[PDB]
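1. my complex, first installment, coordinates as in the assembly:
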Amino acid sequence: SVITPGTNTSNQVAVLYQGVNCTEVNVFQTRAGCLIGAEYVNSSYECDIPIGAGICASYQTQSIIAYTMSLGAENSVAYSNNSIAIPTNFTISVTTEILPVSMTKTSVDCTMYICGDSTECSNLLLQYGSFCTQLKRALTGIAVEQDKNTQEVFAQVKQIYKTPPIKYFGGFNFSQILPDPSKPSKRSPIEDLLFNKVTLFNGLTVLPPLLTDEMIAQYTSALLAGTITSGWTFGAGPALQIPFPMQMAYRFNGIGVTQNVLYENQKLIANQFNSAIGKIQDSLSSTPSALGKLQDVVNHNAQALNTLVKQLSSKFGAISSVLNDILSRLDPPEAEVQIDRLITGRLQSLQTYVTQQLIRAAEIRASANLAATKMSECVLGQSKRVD
Amino acid sequence: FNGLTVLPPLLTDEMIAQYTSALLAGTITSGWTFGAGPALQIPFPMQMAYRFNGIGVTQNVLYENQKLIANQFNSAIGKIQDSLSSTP
Amino acid sequence: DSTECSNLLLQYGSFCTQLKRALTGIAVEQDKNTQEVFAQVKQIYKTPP
Amino acid sequence: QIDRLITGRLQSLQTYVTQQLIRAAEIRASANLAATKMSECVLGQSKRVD
């Protein structure tokens, strides 16, 4: 293995031979193997390049140093049989959690992908059975499942609640999340940042989604208006309007703090909430890999399709990859066994792709169920489940 | 073998035990609070009185049976190891 | 480590690339599971004497 | 005669990797459950029944 601090930082490199000791290959021995090119230092830091067995590596700053991980600072809280520590102030913060909900729906054409409209090849593929029926059914099941995931997550509210025109809620500033009527897409600014931050045949195809992006944004705005004007009630039945400061007082009671604490510090609380929402956008923009999960879904699908298309060029042992040449320069008895190899190989490739998609779809379904639960419990109400 | 390696874990069993010890010490001296922010120390009997209120039993029930409750807890913790060893 | 067999296996495509990638994904996932379960606390709290 | 060995050993290796993906998914579900129990039962007190 190669340890590297980045091409753009420096060309220096350290090499890790994993299951060997260099006595039988600077030099260093580790339980993970012997590491060459890095010097062992006694200081412990929060490690960033994981080597294994508690050893990590990082750029010293001018050399690559390996060191043992530090599990954080030691805090020896003062226990005593008669002492209590009680907080005198608070700070309300905002945390962003990202969750993938669905993936690209794909459909595949068996005969085209296998042998590109060749009569002799379809006549020869007819002997293998109903593999394509099975494959097509599996992919169709995945597609309908993706649609159900989006439905289950977002379409929880029954009526599209409209936002009132006078957007004053007692000092709280929701401008960063409510839809902006100026832009035509009607997405809030954070939603705009999210859409801009992430970006991205021979039989395959990418069937379109159902709920278009616009309708999903409409559902999200419905949830925001409901929760802003009626609190939890809109999730239990008829939406009952309540002034927003009283709603937050309700929630304060929910965490065991008497409401007089909110009415006496309304100004400070509103300022902290506005400031935190303002810093959220900057944090999402400056972080290089804040959207790692959604980006990973997109890239995985694209890479899968690319490798599936590239695998048509492989020969799999036949004298050539294009069907026409095989059928030109050889007699039918030998062309049969020369075309069997291509058929079976391409069929195996397509089979692998479908299996990978089933496993990944199970993964995304688990994630979508979690997302729906979070919607129900955190948005439509207040949860006492810890963390 | 013939090409099959078994790479080793990243956190070593000593560091995992250290993490576990951190959680135990935190929960023993500070209760739930250490999970929500700064760890605030509280006497252990008051922590258990809090939890008694949590299940709908008034805390006077704990202050009047502290001795008995502690004995029951110690005996149970002692029988756990024997149970783990005897179970096949 | 047979030359004729590597020469012949090279014709099959990128099956090995896919296999290596899948196993690497599993390994990194195992590490993340241990991290997520145990490393919840930020500071190593010590027990009083 | 070498084609057969190649294809057979490749299929065996392919089966092993698939089985490992399924088992890894199962263990990940279990690890998520363990983390949830940590958060809710150790770091607090849960009213969820049983």
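-> Yes, it's here. Numbers count the residues shown, from 1 in each chain, chains lettered A, B, ... in the order given.
2. burial count for the residue of chain A found nearest chain D?
-> Scanning chain A for the residue nearest chain D gives residue A:386, at 3.7 Å (criterion: CB to the nearest CB). Placement of C-beta: from N, CA and C, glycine included. Using other CB atoms under 10 Å in any protein chain shown, residue A:386 is surrounded by 17 other residues.
3. Identify the residue spatially nearest to it, adjacent ones excluded.
-> In space, and not counting its chain neighbours, residue A:386 is closest to residue D:44: 3.7 Å by CB to CB, 6 or more residues apart in numbering or on different chains.
4. Enumerate every residue touching that neighbour.
-> Contact analysis of residue D:44 by CB atoms under 8 Å, 6 or more residues apart in numbering or on different chains lists A:386-387, B:32, B:35.
5. now do 7 Å
-> Residues near residue D:44 by CB atoms under 7 Å, 6 or more residues apart in numbering or on different chains: A:386, B:32, B:35.
6. Quick one: these as CSV, columns for secondary structure too.
-> Output for these, formatted as CSV (DSSP: H, G, I helix; E, B strand; the rest coil):
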residue, secondary structure
A:386, coil
B:32, coil
B:35, helix
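7. and of those, the nearest to chain C?
-> Once CB to the nearest CB is applied, the member of the contacts of residue D:44 that ends up nearest chain C is residue B:35, at 7.7 Å.
8. Report the central residue of chain A.
-> By CA atoms, centre = their mean, chain A has its centre lying nearest to residue A:293, at 2.2 Å.
9. Next one: it from chain B, what distance?
-> To chain B, residue A:293 is 21 Å away according to CB to the nearest CB, to the nearest Å.
10. what does residue A:14 give?
-> Relative to chain B, and taking CB to the nearest CB, residue A:14 is found at 17 Å.
11. Then residue A:124?
-> Relative to chain B, and taking CB to the nearest CB, residue A:124 is found at 36 Å.
12. swap in residue A:17?
-> In this view, residue A:17 and chain B are 11 Å apart by CB to the nearest CB.
13. add chain E to the structure above, sequence below:
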Amino acid sequence: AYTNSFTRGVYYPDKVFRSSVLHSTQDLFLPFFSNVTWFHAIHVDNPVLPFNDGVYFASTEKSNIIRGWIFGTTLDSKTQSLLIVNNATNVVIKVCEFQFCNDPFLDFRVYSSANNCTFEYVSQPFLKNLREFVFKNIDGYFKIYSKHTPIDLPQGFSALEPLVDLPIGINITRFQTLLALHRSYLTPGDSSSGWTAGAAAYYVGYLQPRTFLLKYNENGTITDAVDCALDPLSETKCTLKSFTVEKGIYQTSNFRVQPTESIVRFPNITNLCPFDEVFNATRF
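-> So, slotting chain E in with the rest:
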């Protein structure tokens, strides 16, 4: 002598257009930063150099002192040798097993025995200027690549273009160069005295089977290349197919110590049967 070859010797391998993409190819290339033999063009005459797999011939000259090559398994007429001779007007390519002298004649325009030509070809000529050539003969065809550039070998990167693909199938194993000189005497055999000539030199390098990562720009021209087996960082680049690798740890390949010897082991086997009794019989 010796001199390190910089990032040179790369050539277009497949005459297929590609735009703004990276491509990895396994072919016979000249390893980067490898040393190459250096020879001078004054006088003596010139030694034969084997044609292992392909030769990279670069030359910095300003007087047209080097004018051609000769390939083949021998200089005698016992085998179908090859001839390539440039000139101010055109190139003459010939395959006729013409027997050569003990040394190639120093241009008195030709010196060889009779010929039995089987292939012949002609076209426009190949003309401080560093001229580079790559000679390859694998699939029954003999191929030439070339490039002539303005200007030791410079550090600048530049790829060679396919010049000619000839169909002659002679088994080439040795090669020599051809020199010339104005108003120089010519004899079938001469000592190391030679004749005066302009300052010039020619370098020789040997190609090897390598994996190269070639970078095409938007116009279909190679601008950069990475030797996949030069150092660990280059090898890491080859797996990610990217000139820029991010911070992290990458599993590039595996190593395995090779066997150093072969042994055969059979038993004390000793039980020869009686041939000494039927041949040395007492009485036939």
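14. Could you re-examine the contacts of residue D:44 with chain E now present?
-> Residue D:44 sits in contact with A:386, B:32, B:35, where contact means CB under 7 Å, 6+ apart.
15. beta partners for the residue nearest to residue E:166 when sequence neighbours are not counted?
-> Spatially, and ignoring its direct neighbours in sequence, residue E:166 is nearest to residue E:142 (4.7 Å; CB to CB, 6+ apart). Using DSSP bridges, the bridge partners assigned to residue E:142 are residue E:137, residue E:166.
16. And the residue of chain E closest to chain C?
-> residue E:256 (6.5 Å).
17. State the helix or strand in which that residue lies.
-> Under DSSP states H and E, no helix or strand contains residue E:256.
18. ok, now how distant is the residue nearest to it when sequence neighbours are not counted from residue E:262?
-> In this structure, residue E:256 finds its nearest non-sequential neighbour in residue C:1, 6.5 Å apart by CB to CB, 6+ apart. Counting by CB to CB, to the nearest Å, the gap between residue C:1 and residue E:262 amounts to 14 Å.
19. ok so, going back, the residue nearest to residue E:166 against residue E:167, yeah?
-> No. Assessed by CB atoms under 7 Å, residue E:142 is found out of contact with residue E:167, at 8.2 Å.
20. who has more neighbours, these two?
-> Neighbours per residue (other CB under 10 Å) separate residue E:142 from residue E:167, with residue E:142 holding more: 22 against 10.
21. Contact partners for residue E:163?
-> Applying CB under 7 Å, 6+ apart to residue E:163 gives the contacts E:144-146.
22. repeat that with 10 Å
-> Residue E:163 makes contacts with E:11, E:123, E:126, E:133-134, E:143-147, as judged by CB atoms under 10 Å, 6 or more residues apart in numbering or on different chains.
23. Name the nearest of those relative to chain A.
-> Using CB to the nearest CB, residue E:143 comes nearest to chain A of the contacts of residue E:163, at 21.9 Å.
24. which residue packs closest to that closest one, ignoring adjacent ones?
-> Spatial nearest neighbour of residue E:143, chain neighbours left out: residue E:136 (4.6 Å); criterion: CB to CB, 6+ apart.
25. looking at this, residue E:162 is in a strand?
-> Yes. Assigned with three-state DSSP, residue E:162 falls within a strand.
26. also put chain F on there:
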Amino acid sequence: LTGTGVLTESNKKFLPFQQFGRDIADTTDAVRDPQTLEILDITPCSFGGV
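-> Alright, chain F goes in next:
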């Protein structure tokens, strides 16, 4: 080079020694006429599921 598709006048600059054009994944995207040396683009005729 054998294939099927619609040919349209190209806008890409082939270098004089090249005869084929390729996109990612070896899909033959363009060709120069071997008679008039004109560049031609290849696009597969329309197809799809019903």
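27. Repeat for the contacts of residue E:163, accounting for chain F.
-> Residue E:163 neighbours (CB under 10 Å, 6+ apart): E:11, E:123, E:126, E:133-134, E:143-147, F:17.
28. which two in the residues you listed are spaced the farthest apart?
-> E:11 and E:123 (19.6 Å; CB to CB).
29. Looking at the two, which one has more neighbours?
-> Using other CB under 10 Å, the more surrounded residue of residue E:11 and residue E:123 is residue E:11, with 24 against 11.
30. Quick check, the more buried one in contact with residue E:56.
-> Yes. Taking contacts as CB atoms under 10 Å, residue E:11 lies within contact range of residue E:56: 9.3 Å.
31. Would you mind listing what in chain F touches chain A?
-> With the criterion set to CB under 10 Å from any CB of the partner chain, chain F comes near chain A through F:1-4, F:24-27, F:44, F:47-49.
32. from those residues, which ones fall inside helices?
-> The members of those all map outside helices under DSSP state H.
33. Now tabulate those residues in a markdown table and tack on distance to residue E:19 and neighbour count.
-> What follows is those, written out as a markdown table (distance: CB to CB, whole Å; neighbours: other CB atoms under 10 Å in any protein chain shown):
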| residue | distance to residue E:19 | neighbour count |
| --- | --- | --- |
| F:1 | 18 | 10 |
| F:2 | 23 | 9 |
| F:3 | 20 | 11 |
| F:4 | 23 | 9 |
| F:24 | 10 | 11 |
| F:25 | 14 | 16 |
| F:26 | 14 | 13 |
| F:27 | 13 | 16 |
| F:44 | 20 | 13 |
| F:47 | 26 | 12 |
| F:48 | 28 | 7 |
| F:49 | 31 | 11 |
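34. if I look at the closest residue to chain B within chain F, how far off is residue A:315?
-> Among the residues of chain F, residue F:25 lies nearest to chain B; the distance is 29.5 Å by CB to the nearest CB. From residue F:25 across to residue A:315, the span is 16 Å (CB to CB).
35. would you turn the residues of chain F next to chain A into TSV with distance to residue E:246?
-> Below are these laid out as TSV (distance: CB to CB, whole Å):
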residue	distance to residue E:246
F:1	39
F:2	42
F:3	39
F:4	42
F:24	22
F:25	24
F:26	28
F:27	29
F:44	37
F:47	40
F:48	39
F:49	40
